[PDB]
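Trainee: Below is one structure. I have some questions about it.
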Amino acid sequence: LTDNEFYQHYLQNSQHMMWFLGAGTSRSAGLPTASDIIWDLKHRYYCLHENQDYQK
Amino acid sequence: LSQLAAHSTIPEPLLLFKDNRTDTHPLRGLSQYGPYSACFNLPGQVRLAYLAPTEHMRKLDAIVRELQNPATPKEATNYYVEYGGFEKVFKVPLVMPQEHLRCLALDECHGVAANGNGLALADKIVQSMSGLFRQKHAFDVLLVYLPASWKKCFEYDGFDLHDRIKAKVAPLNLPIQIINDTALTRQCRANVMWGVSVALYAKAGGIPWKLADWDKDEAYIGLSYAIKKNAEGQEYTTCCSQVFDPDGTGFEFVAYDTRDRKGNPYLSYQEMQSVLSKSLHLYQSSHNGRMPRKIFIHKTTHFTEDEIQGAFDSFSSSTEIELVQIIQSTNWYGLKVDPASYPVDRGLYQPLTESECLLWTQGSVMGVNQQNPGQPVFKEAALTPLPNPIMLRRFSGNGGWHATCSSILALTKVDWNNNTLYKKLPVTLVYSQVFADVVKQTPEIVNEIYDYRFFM
Amino acid sequence: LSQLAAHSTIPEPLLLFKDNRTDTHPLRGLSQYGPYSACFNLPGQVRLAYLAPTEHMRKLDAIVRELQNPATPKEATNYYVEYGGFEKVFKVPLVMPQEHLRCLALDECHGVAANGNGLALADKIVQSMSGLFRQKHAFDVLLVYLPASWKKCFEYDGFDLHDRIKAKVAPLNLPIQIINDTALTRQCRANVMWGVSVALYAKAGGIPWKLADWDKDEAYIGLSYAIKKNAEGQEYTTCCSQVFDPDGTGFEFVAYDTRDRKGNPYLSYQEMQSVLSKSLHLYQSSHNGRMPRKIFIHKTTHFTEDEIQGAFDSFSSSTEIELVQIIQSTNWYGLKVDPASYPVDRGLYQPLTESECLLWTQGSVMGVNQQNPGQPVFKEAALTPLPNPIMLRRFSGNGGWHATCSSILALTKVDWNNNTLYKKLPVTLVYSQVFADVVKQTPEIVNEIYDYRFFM
DNA sequence: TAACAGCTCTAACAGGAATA
RNA sequence: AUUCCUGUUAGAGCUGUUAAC
Ligand SMILES: [Mg+2]
Ligand SMILES: [Mg+2]
């Protein structure tokens, strides 16, 4: 289904439309994604045991 | 009580190639992707000249000619990949030298071969190559050939022929790749061809490979020494080396003397702070003037109390100094059990005590072997049956075995002069040793710092 | 109805120099005090290198000697100041290269130039640099000379040799000061000497002068584009430059790409948001994470709705954004009356419409006249008899024409590559345009960001 | 999508030097 | 390309306003 036909279909019947937004919209909201969270956790974990400066 | 601290196996470091296509195995990556500097086209075409006695001239042509043809390995086939020639593998044409560039060793050298005078032979060879001083732009790499008949002056007490020749030629700024009968003799042709091809490409100015995802803000210093057997006492020649990565894409590798007389290999406060300040200025010059956020120092012997303070007083607070001593001779040795059919994995480091760890720089590596795919490869299976773990003694690092262990493991893979998978020591240590030999042979080098491409 | 809003002349911005002294005349201050960055030792000494054909190297050493010795201004003596000698004025020795720090271009470059192939000529010039690359630590700045015989490849359609060379040597970290025959045959000598010397100091170290009265909490952004004429259509390559004064003393001036294909010079929502994200992330890295409070995005063309929405949504509410558009060619032009002999004082801004203002980046400047002190000076007197103002069409702001106008005026004076007193456009726009030309010539540069000293 | 109007920009050249 | 931007010759890019398709 081409995007334009989808837009026309949605506009035709927009009064009955659930939305489903999981972890994909948050990427563009200025908040870290799943991969960013994973990398942050890895950063804390590595800096903690192997004593390394966090902000360096 | 038979329980030791949990060992951690550092993964095999990756090497950077053309179009930043990473690979652990250097020669295979060179075949598949090409040299790292191929994208920059820094060497362009490679133009090389000869300097040998005419009675062996043809030999040089032959090997150079055979540099331009494919070769299939017969020895160490478990590791070496099929050679494709300089034109194909390095994406660079190999230029046949013209008669104007080609030189002949002056006749009196042969005569002094009978006299057994190494200094005279080296000076005569330099004067033979003096015909190439004016035509420095025409050629990039010189191929000096020393016949087996000169073996009497090859090595003797207090003198090293290749060392003296390179020490004489380096201030003139023209690389040589000395070729002896060994390179011709050697059965497996692909081994020697990989060696000479990589050596020539790197001596021209290109970079065959670089450490993948290497930090540009860390400089890895390495200090070594050499013995000169003086008539009255001993002489210790200490020289340093740096393998940092500048803000550009290429990476640097420069050694220099630490200097008037030393009877012990331990740098004092003044000398150590001076060499470290020179190293700091060298690093600053490349990175526009930015401080190195972390400094690694690999010394073959332990750091003195004054020497540690000398290392500290040379840098600011932001710099992190991890003084490390590398020990090659240890009573420990490891056996891998799951009893593994292949020796203990390379990079497996075992923390023995606070500020003392065992690193297995030597060992089996996964996925590198070509024949029988999916099996470990032991590079030194010919010499030793089992690997010998080196030992790190920490002196200054605040914390973390991973930083030093991974840094050293990755550093043992960027020796272009080496045509095998890795080394026993980081390139800093081996190049500091080589330059220590060079300086010990020739005292009039202490003033200037030199790149790795000259003495490699 | 003929009485417009009262204007106010922003005074000449002060420039931070040696020992934090301020002087609105750049060259006079440099002679009197010295470079701002000379307070610290970022450049230890300006070591140079030469790359030219064997025939024209004498021009390079002659011009270097001319830089060594003082010179007097012959043309435009109204503004220029007598050269005091590089060592005296920049307080740093200028080192002439030795034999090995002085390379020779391949003779194949002449053949390529006769063939009229710009790409291969640039490649050959870059490949000639290997002799210096073996000694990259030795020198700081390389003076590449191009003989007039290569004019056929200097500039033609779909190509520019200067941009290709700059983009080829930018990832190799070596600054390059290209010298044409024009710099040799320019009538005056102090002109060329001042320009070349300030460029050499900026490329070896940095910051010949820094703008004073600069809030550390403002990051200034300038977008500019260029056109690559495709056979089928066109490609609009737009790039963004950024200036800011960080917490450290080193004022920062960078540029970067914006990524695929663009048919128009107006960024979409996603591209504008991505570029702005990269910008404030760079600022945060240079400000230990502190959020910028004022953002100025100067664009040569009007911001669409998408660009303004991307600006609004990329930052938080605490950081007010000053979206301003700069119009170069305008119908308006003014004449000062008390009628004055010299045109209107530089920096006068005249609010025409609630969103559109005239800014006089060109005009008479007070207090920088060498002869007959007190007389005004018009920088573009030779080119134009009257100053053509620019139009600032604010697309987003809270209040205050003075805030943006003074920032633009101060940003028009920190172009170290500019020999003259000021620039018609802010350094953000000019550097974004220069980098746009570079990227248009070499599309494979979008990966990295670069400091000003590489491309100025 | 095809013209037409304006506003503004860059892309190639050429080009002379700070109130005389 | 030490610089500066003054013009010339062109084309695009946006806006529009119509006619459509
Ligand atoms: Mg060798
Ligand atoms: Mg320049």
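In the structure tokens, the first chain shown is A, the next is B, and so on; residue numbers restart at 1 for each chain, and ligands run from 1 in the order shown.
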Hey, which residues come within 6 Å of ligand 2 if we count only C-alpha atoms (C1' of nucleotides) and all ligand atoms? Could you give them as a VMD selection string?
Mentor: chain C and resid 177 199 417 456
Trainee: Which residues in segment 42-212 of chain C does DSSP call alpha helix (DSSP H)? List them as number ranges by chain.
Mentor: C: 57-68, 86-90, 108-115, 118-127, 130-133, 161-169, 182-185, 190-203
Trainee: Using every Cα, in order, as the fitting set, what is the least-squares RMSD of chain B against chain C?
Mentor: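 My reading of the C-alpha RMSD is 0.6 Å.
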Trainee: Using only C-alpha atoms (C1' of nucleotides) and all ligand atoms, what are the residues with an atom within 10 Å of ligand 1, set out as a PDB file with C-alpha atoms, in the first residue's frame?
Mentor:
ATOM      1  CA  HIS B 162      72.554  -3.319   9.076  1.00  0.00           C
ATOM      2  CA  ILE B 176      66.294   1.273   2.695  1.00  0.00           C
ATOM      3  CA  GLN B 177      64.961  -2.273   2.894  1.00  0.00           C
ATOM      4  CA  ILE B 178      68.185  -4.263   3.200  1.00  0.00           C
ATOM      5  CA  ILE B 179      67.922  -7.624   1.437  1.00  0.00           C
ATOM      6  CA  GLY B 195      56.994  -9.353   4.241  1.00  0.00           C
ATOM      7  CA  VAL B 196      58.785  -7.383   1.523  1.00  0.00           C
ATOM      8  CA  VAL B 198      54.254  -4.694   3.277  1.00  0.00           C
ATOM      9  CA  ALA B 199      57.690  -3.354   4.220  1.00  0.00           C
ATOM     10  CA  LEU B 200      58.107  -1.522   0.911  1.00  0.00           C
ATOM     11  CA  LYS B 203      58.508   2.559   3.730  1.00  0.00           C
ATOM     12  CA  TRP B 416      54.694  -3.627   9.692  1.00  0.00           C
ATOM     13  CA  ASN B 417      58.219  -5.064   9.674  1.00  0.00           C
ATOM     14  CA  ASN B 418      56.666  -8.238  11.118  1.00  0.00           C
ATOM     15  CA  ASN B 419      54.887 -10.395   8.533  1.00  0.00           C
ATOM     16  CA  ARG B 453      59.516   3.855   8.569  1.00  0.00           C
ATOM     17  CA  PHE B 454      63.281   4.466   8.575  1.00  0.00           C
ATOM     18  CA  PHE B 455      64.377   1.771  11.039  1.00  0.00           C
ATOM     19  CA  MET B 456      61.624  -0.785  10.428  1.00  0.00           C
TER      20      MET B 456
END
Trainee: As a PDB file with N, CA and C atoms, in the first residue's frame, could you give me every residue of chain C near chain B (at most 9 Å apart, counting only C-alpha atoms)?
Mentor:
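File produced: selection-v8.pdb:
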ATOM      1  N   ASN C  41      51.955  28.466  24.848  1.00  0.00           N
ATOM      2  CA  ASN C  41      52.801  27.952  23.775  1.00  0.00           C
ATOM      3  C   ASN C  41      52.053  26.845  23.038  1.00  0.00           C
ATOM      4  N   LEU C  42      51.086  27.251  22.215  1.00  0.00           N
ATOM      5  CA  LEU C  42      50.476  26.287  21.310  1.00  0.00           C
ATOM      6  C   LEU C  42      51.425  26.054  20.136  1.00  0.00           C
ATOM      7  N   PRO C  43      51.870  27.104  19.404  1.00  0.00           N
ATOM      8  CA  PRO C  43      52.991  26.899  18.482  1.00  0.00           C
ATOM      9  C   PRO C  43      54.325  27.145  19.168  1.00  0.00           C
ATOM     10  N   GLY C  44      55.147  26.106  19.321  1.00  0.00           N
ATOM     11  CA  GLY C  44      56.485  26.324  19.847  1.00  0.00           C
ATOM     12  C   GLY C  44      57.339  27.134  18.892  1.00  0.00           C
ATOM     13  N   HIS C 100      65.909  18.161   3.849  1.00  0.00           N
ATOM     14  CA  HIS C 100      64.923  17.086   3.844  1.00  0.00           C
ATOM     15  C   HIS C 100      63.514  17.575   4.145  1.00  0.00           C
ATOM     16  N   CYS C 103      60.514  19.542  -0.289  1.00  0.00           N
ATOM     17  CA  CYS C 103      60.245  18.505  -1.271  1.00  0.00           C
ATOM     18  C   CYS C 103      60.138  19.088  -2.678  1.00  0.00           C
ATOM     19  N   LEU C 104      60.139  18.189  -3.658  1.00  0.00           N
ATOM     20  CA  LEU C 104      60.065  18.540  -5.069  1.00  0.00           C
ATOM     21  C   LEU C 104      58.899  17.802  -5.706  1.00  0.00           C
ATOM     22  N   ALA C 105      58.060  18.535  -6.432  1.00  0.00           N
ATOM     23  CA  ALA C 105      56.935  17.918  -7.117  1.00  0.00           C
ATOM     24  C   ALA C 105      57.422  17.020  -8.248  1.00  0.00           C
ATOM     25  N   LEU C 106      56.666  15.953  -8.504  1.00  0.00           N
ATOM     26  CA  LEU C 106      57.006  15.053  -9.597  1.00  0.00           C
ATOM     27  C   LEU C 106      56.910  15.782 -10.930  1.00  0.00           C
ATOM     28  N   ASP C 123      45.842  14.810  -7.419  1.00  0.00           N
ATOM     29  CA  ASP C 123      46.313  13.543  -6.877  1.00  0.00           C
ATOM     30  C   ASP C 123      47.834  13.472  -6.883  1.00  0.00           C
ATOM     31  N   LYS C 124      48.466  13.942  -7.960  1.00  0.00           N
ATOM     32  CA  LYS C 124      49.923  13.907  -8.042  1.00  0.00           C
ATOM     33  C   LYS C 124      50.557  14.870  -7.046  1.00  0.00           C
ATOM     34  N   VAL C 126      49.298  15.708  -4.165  1.00  0.00           N
ATOM     35  CA  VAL C 126      49.177  15.061  -2.860  1.00  0.00           C
ATOM     36  C   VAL C 126      50.185  13.924  -2.728  1.00  0.00           C
ATOM     37  N   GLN C 127      50.338  13.114  -3.777  1.00  0.00           N
ATOM     38  CA  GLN C 127      51.279  12.000  -3.742  1.00  0.00           C
ATOM     39  C   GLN C 127      52.723  12.463  -3.623  1.00  0.00           C
ATOM     40  N   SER C 128      53.021  13.692  -4.039  1.00  0.00           N
ATOM     41  CA  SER C 128      54.362  14.232  -3.863  1.00  0.00           C
ATOM     42  C   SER C 128      54.703  14.498  -2.404  1.00  0.00           C
ATOM     43  N   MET C 129      53.732  14.400  -1.503  1.00  0.00           N
ATOM     44  CA  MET C 129      53.903  14.796  -0.114  1.00  0.00           C
ATOM     45  C   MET C 129      54.470  13.681   0.759  1.00  0.00           C
ATOM     46  N   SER C 130      54.768  12.509   0.190  1.00  0.00           N
ATOM     47  CA  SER C 130      55.194  11.372   1.004  1.00  0.00           C
ATOM     48  C   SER C 130      56.545  11.622   1.661  1.00  0.00           C
ATOM     49  N   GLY C 131      57.457  12.290   0.954  1.00  0.00           N
ATOM     50  CA  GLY C 131      58.748  12.600   1.543  1.00  0.00           C
ATOM     51  C   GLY C 131      58.621  13.440   2.797  1.00  0.00           C
ATOM     52  N   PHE C 133      55.752  13.409   4.563  1.00  0.00           N
ATOM     53  CA  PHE C 133      54.940  12.623   5.486  1.00  0.00           C
ATOM     54  C   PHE C 133      55.787  11.666   6.307  1.00  0.00           C
ATOM     55  N   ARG C 134      56.915  11.212   5.761  1.00  0.00           N
ATOM     56  CA  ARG C 134      57.856  10.471   6.594  1.00  0.00           C
ATOM     57  C   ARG C 134      58.427  11.338   7.709  1.00  0.00           C
ATOM     58  N   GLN C 135      58.297  12.659   7.602  1.00  0.00           N
ATOM     59  CA  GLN C 135      58.759  13.600   8.614  1.00  0.00           C
ATOM     60  C   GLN C 135      57.640  14.547   9.027  1.00  0.00           C
ATOM     61  N   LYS C 136      56.419  14.022   9.154  1.00  0.00           N
ATOM     62  CA  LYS C 136      55.274  14.872   9.468  1.00  0.00           C
ATOM     63  C   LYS C 136      55.465  15.601  10.793  1.00  0.00           C
ATOM     64  N   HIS C 137      56.147  14.973  11.749  1.00  0.00           N
ATOM     65  CA  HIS C 137      56.436  15.629  13.017  1.00  0.00           C
ATOM     66  C   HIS C 137      57.388  16.807  12.863  1.00  0.00           C
ATOM     67  N   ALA C 138      58.197  16.829  11.801  1.00  0.00           N
ATOM     68  CA  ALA C 138      59.243  17.842  11.689  1.00  0.00           C
ATOM     69  C   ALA C 138      58.664  19.231  11.456  1.00  0.00           C
ATOM     70  N   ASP C 140      55.311  22.110  10.679  1.00  0.00           N
ATOM     71  CA  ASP C 140      53.961  22.489  11.076  1.00  0.00           C
ATOM     72  C   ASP C 140      53.090  22.904   9.899  1.00  0.00           C
ATOM     73  N   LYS C 168      41.804  16.891   0.176  1.00  0.00           N
ATOM     74  CA  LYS C 168      42.659  15.712   0.176  1.00  0.00           C
ATOM     75  C   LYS C 168      43.647  15.717   1.331  1.00  0.00           C
ATOM     76  N   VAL C 169      44.134  16.891   1.740  1.00  0.00           N
ATOM     77  CA  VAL C 169      45.108  16.956   2.826  1.00  0.00           C
ATOM     78  C   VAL C 169      44.483  17.276   4.176  1.00  0.00           C
ATOM     79  N   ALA C 170      43.187  17.577   4.230  1.00  0.00           N
ATOM     80  CA  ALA C 170      42.542  17.807   5.522  1.00  0.00           C
ATOM     81  C   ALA C 170      42.538  16.568   6.411  1.00  0.00           C
ATOM     82  N   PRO C 171      42.156  15.373   5.941  1.00  0.00           N
ATOM     83  CA  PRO C 171      42.232  14.198   6.824  1.00  0.00           C
ATOM     84  C   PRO C 171      43.648  13.804   7.193  1.00  0.00           C
ATOM     85  N   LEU C 172      44.660  14.327   6.506  1.00  0.00           N
ATOM     86  CA  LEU C 172      46.046  14.027   6.839  1.00  0.00           C
ATOM     87  C   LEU C 172      46.645  15.027   7.821  1.00  0.00           C
ATOM     88  N   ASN C 173      45.850  15.987   8.295  1.00  0.00           N
ATOM     89  CA  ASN C 173      46.151  16.800   9.470  1.00  0.00           C
ATOM     90  C   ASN C 173      47.233  17.847   9.223  1.00  0.00           C
ATOM     91  N   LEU C 174      47.868  17.836   8.055  1.00  0.00           N
ATOM     92  CA  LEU C 174      48.914  18.817   7.785  1.00  0.00           C
ATOM     93  C   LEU C 174      48.292  20.083   7.213  1.00  0.00           C
ATOM     94  N   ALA C 204      49.622  27.165  12.022  1.00  0.00           N
ATOM     95  CA  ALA C 204      50.603  26.528  12.899  1.00  0.00           C
ATOM     96  C   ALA C 204      50.330  27.027  14.313  1.00  0.00           C
ATOM     97  N   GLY C 205      49.475  26.308  15.030  1.00  0.00           N
ATOM     98  CA  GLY C 205      49.010  26.765  16.323  1.00  0.00           C
ATOM     99  C   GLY C 205      47.580  27.248  16.235  1.00  0.00           C
ATOM    100  N   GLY C 206      47.383  28.554  16.256  1.00  0.00           N
ATOM    101  CA  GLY C 206      46.068  29.110  16.009  1.00  0.00           C
ATOM    102  C   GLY C 206      45.868  30.406  16.764  1.00  0.00           C
TER     103      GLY C 206
END
Trainee: Give me, as a tab-separated table (two decimals) with C-alpha atoms, in the first residue's frame, the contact residues of chain B against chain A at a cut-off of 8 Å, counting only C-alpha atoms.
Mentor:
chain	number	residue	atom	x	y	z
B	293	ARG	CA	44.25	12.57	28.49
B	398	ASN	CA	44.85	4.31	39.42
B	399	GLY	CA	42.83	1.30	38.32
B	400	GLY	CA	41.86	-1.11	35.60
B	401	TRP	CA	43.68	-4.04	34.06
B	402	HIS	CA	41.53	-3.84	30.92
Trainee: As a list in words, could you give me every residue of chain E near chain C (at most 10 Å apart, counting only C-alpha atoms (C1' of nucleotides))?
Mentor: residues 1, 2, 3, 4, 5, 6, 7, 11, 12, 13 and 14 of chain E
Trainee: Excluding residue 88 of chain C and its own-chain neighbours fewer than 5 positions away, which residues fall within 9 Å of it when counting only C-alpha atoms (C1' of nucleotides)? Please give them as a ChimeraX atom specification.
Mentor: /C:31,34,93
Trainee: Work out how far atom CA of residue 94 of chain C is from atom CA of residue 46 of chain C, in Å to one decimal.
Mentor: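 Spanning atom CA of residue 46 of chain C to atom CA of residue 94 of chain C is a straight-line distance of 5.0 Å.
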Trainee: Mind giving me the straight-line distance from atom CA of residue 11 of chain B to atom CA of residue 242 of chain B in Å, one decimal?
Mentor: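 Answer for the atom CA of residue 11 of chain B to atom CA of residue 242 of chain B separation: 23.7 Å.
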Trainee: What separation in Å, quoted to one decimal, exists between atom CA of residue 62 of chain B and atom CA of residue 143 of chain B?
Mentor: 12.7 Å
Trainee: Can you list, as a PyMOL selection string, every protein, DNA or RNA residue that comes within 12 Å of segment 18-32 of chain A when you count only C-alpha atoms (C1' of nucleotides), leaving out same-chain residues fewer than 4 positions away?
Mentor: (chain A and resi 10+13-14+36-41) or (chain C and resi 269-270+273-274+277+281+310+313-316)
Trainee: So that I have them on file, write out the residues from the current selection with N, CA and C atoms, as a PDB file, in the first residue's frame.
Mentor:
ATOM      1  N   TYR A  10      -6.700   7.231   5.927  1.00  0.00           N
ATOM      2  CA  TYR A  10      -6.749   7.733   7.296  1.00  0.00           C
ATOM      3  C   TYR A  10      -7.575   9.009   7.386  1.00  0.00           C
ATOM      4  N   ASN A  13     -11.454   8.317   7.262  1.00  0.00           N
ATOM      5  CA  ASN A  13     -11.994   7.847   8.541  1.00  0.00           C
ATOM      6  C   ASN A  13     -10.922   8.053   9.609  1.00  0.00           C
ATOM      7  N   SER A  14     -10.876   9.261  10.165  1.00  0.00           N
ATOM      8  CA  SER A  14      -9.941   9.587  11.234  1.00  0.00           C
ATOM      9  C   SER A  14     -10.604   9.651  12.600  1.00  0.00           C
ATOM     10  N   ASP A  36      20.869   3.615  23.227  1.00  0.00           N
ATOM     11  CA  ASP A  36      21.525   4.631  24.042  1.00  0.00           C
ATOM     12  C   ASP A  36      21.497   4.255  25.517  1.00  0.00           C
ATOM     13  N   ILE A  37      20.378   3.697  25.985  1.00  0.00           N
ATOM     14  CA  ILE A  37      20.298   3.229  27.367  1.00  0.00           C
ATOM     15  C   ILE A  37      21.293   2.101  27.607  1.00  0.00           C
ATOM     16  N   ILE A  38      21.387   1.162  26.663  1.00  0.00           N
ATOM     17  CA  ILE A  38      22.329   0.055  26.799  1.00  0.00           C
ATOM     18  C   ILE A  38      23.756   0.577  26.879  1.00  0.00           C
ATOM     19  N   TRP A  39      24.104   1.527  26.011  1.00  0.00           N
ATOM     20  CA  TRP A  39      25.463   2.054  26.005  1.00  0.00           C
ATOM     21  C   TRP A  39      25.754   2.854  27.265  1.00  0.00           C
ATOM     22  N   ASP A  40      24.763   3.584  27.778  1.00  0.00           N
ATOM     23  CA  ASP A  40      24.956   4.278  29.046  1.00  0.00           C
ATOM     24  C   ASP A  40      25.205   3.290  30.176  1.00  0.00           C
ATOM     25  N   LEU A  41      24.422   2.209  30.222  1.00  0.00           N
ATOM     26  CA  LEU A  41      24.617   1.196  31.255  1.00  0.00           C
ATOM     27  C   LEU A  41      25.993   0.560  31.146  1.00  0.00           C
TER      28      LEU A  41
ATOM     29  N   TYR C 269      12.759  19.221   7.895  1.00  0.00           N
ATOM     30  CA  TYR C 269      12.638  19.132   9.346  1.00  0.00           C
ATOM     31  C   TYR C 269      13.731  18.250   9.933  1.00  0.00           C
ATOM     32  N   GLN C 270      13.870  17.031   9.407  1.00  0.00           N
ATOM     33  CA  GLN C 270      14.818  16.078   9.970  1.00  0.00           C
ATOM     34  C   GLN C 270      16.256  16.554   9.813  1.00  0.00           C
ATOM     35  N   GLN C 273      16.960  19.487  12.166  1.00  0.00           N
ATOM     36  CA  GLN C 273      17.055  19.004  13.538  1.00  0.00           C
ATOM     37  C   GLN C 273      18.363  18.262  13.773  1.00  0.00           C
ATOM     38  N   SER C 274      18.782  17.435  12.812  1.00  0.00           N
ATOM     39  CA  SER C 274      20.030  16.691  12.955  1.00  0.00           C
ATOM     40  C   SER C 274      21.233  17.622  13.022  1.00  0.00           C
ATOM     41  N   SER C 277      21.217  19.423  16.301  1.00  0.00           N
ATOM     42  CA  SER C 277      21.596  18.478  17.344  1.00  0.00           C
ATOM     43  C   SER C 277      23.106  18.299  17.395  1.00  0.00           C
ATOM     44  N   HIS C 281      25.415  19.500  20.568  1.00  0.00           N
ATOM     45  CA  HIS C 281      26.223  18.444  21.164  1.00  0.00           C
ATOM     46  C   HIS C 281      27.701  18.812  21.139  1.00  0.00           C
ATOM     47  N   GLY C 310      12.028  22.964  13.151  1.00  0.00           N
ATOM     48  CA  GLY C 310      13.142  22.147  13.599  1.00  0.00           C
ATOM     49  C   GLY C 310      14.000  22.859  14.622  1.00  0.00           C
ATOM     50  N   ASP C 313      12.037  22.911  17.961  1.00  0.00           N
ATOM     51  CA  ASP C 313      11.873  21.624  18.618  1.00  0.00           C
ATOM     52  C   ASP C 313      13.187  20.936  18.961  1.00  0.00           C
ATOM     53  N   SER C 314      14.311  21.379  18.391  1.00  0.00           N
ATOM     54  CA  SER C 314      15.581  20.730  18.700  1.00  0.00           C
ATOM     55  C   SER C 314      16.081  21.111  20.090  1.00  0.00           C
ATOM     56  N   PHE C 315      15.995  22.389  20.448  1.00  0.00           N
ATOM     57  CA  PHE C 315      16.400  22.845  21.769  1.00  0.00           C
ATOM     58  C   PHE C 315      15.268  22.722  22.783  1.00  0.00           C
ATOM     59  N   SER C 316      15.623  22.958  24.040  1.00  0.00           N
ATOM     60  CA  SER C 316      14.667  23.103  25.124  1.00  0.00           C
ATOM     61  C   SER C 316      14.179  24.549  25.200  1.00  0.00           C
TER      62      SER C 316
END
